[PDB]
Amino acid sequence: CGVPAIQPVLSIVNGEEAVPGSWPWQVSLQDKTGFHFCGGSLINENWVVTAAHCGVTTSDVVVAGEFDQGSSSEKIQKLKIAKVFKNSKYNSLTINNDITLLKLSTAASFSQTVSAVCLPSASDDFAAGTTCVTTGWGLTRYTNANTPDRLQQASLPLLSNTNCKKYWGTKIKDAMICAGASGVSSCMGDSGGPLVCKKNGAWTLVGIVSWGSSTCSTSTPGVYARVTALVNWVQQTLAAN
């Protein structure tokens, strides 16, 4: 996992076009009509992890191997959702434990543009200041009300929960990690998307786009569901289902 066949080149408000297929685990969750409402990450051939607040139903579809959503020449993979596993400790009030697993009704076919991201150890630690990457088809301006056609990427630092609280107060729980306030910002449409850091040579999913500034302020840290604090749950679900 976490080893793209097409190495991503790095130089979402203030993002930048990603190299096509350089983030192979990035999927798009779309409704019946093809509307993109959230991102997601392939953790293996049968499961996708996304944010719990996306409210995904088996009536939705997972799209893999996609770069330009407006194109019809790409070799994408529309997969069906067999079952949705929402985290029981999720609270739409505190937006904590914002995670949901999606078991596919048909395994994906890994190739050069479709593969899995790695999951961390419940004990794994990622230092503040660490540069990581987030991706997605979220607005590129809060003033756009229209998502970009092509997948965006952005580099951003991780903040310590302590500094992050200077921005959001006590809304920041232990199952949350912040990144940003550096010139970039996730935005409407990025929810469920990944926040990955490269460790020991492979890309690891350390965060899931959750919530942040109502105007995608590039100078306010964004909040992501903290994967290290949720992997045990993820693992048990896979093991039992």
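Quick note: we count residues from 1 along the sequence shown, nothing fancier. Here the rigid core means the biggest group of C-alpha atoms that line up within 1.5 Å when the two forms are laid on top of each other.
- Using the rigid core as the fitting frame, the root mean square C-alpha deviation in 9 other deposited structures of this protein is greater for 211-219 than for the other of 36-44 and 211-219.
- Core superposition of the other structures onto this form places the C-alphas of 69-77 farther off in 9 other deposited structures of this protein than those of the other stretch among 69-77 and 112-120.
- Per the compared records, residue 91 is resolved in all of the other entries whose models span it, so no third of them omit it.
- In all of the other compared structures of this protein with flanking residues present, residue 153 is modelled, so it falls below the one-third mark for missing coordinates.
- In this entry, residue 11 is separated from residue 12 by 4 to 9 residues of the deposited sequence that have no coordinates.
- With 208-216 and 60-68 compared on mean CA B-factor from the PDB entry, the stretch scoring higher is 60-68.
- Stretches 156-164 and 141-149 differ in mean C-alpha B factor, with the higher average recorded for 141-149.
- Annotation for 129, 120, 136, 169: 169 ranks highest, by Cα B-factor.
- Remark: of 186, 200, 33, 50, 33 shows the highest value [criterion: C-alpha B-factor in the PDB entry].
- When the modelled residues of the chain are ordered by their C-alpha B factor, residue 21 lands in the middle third.
- Residue-level temperature factors show residue 101 in the lowest third of its chain, judged at the C-alpha atom.
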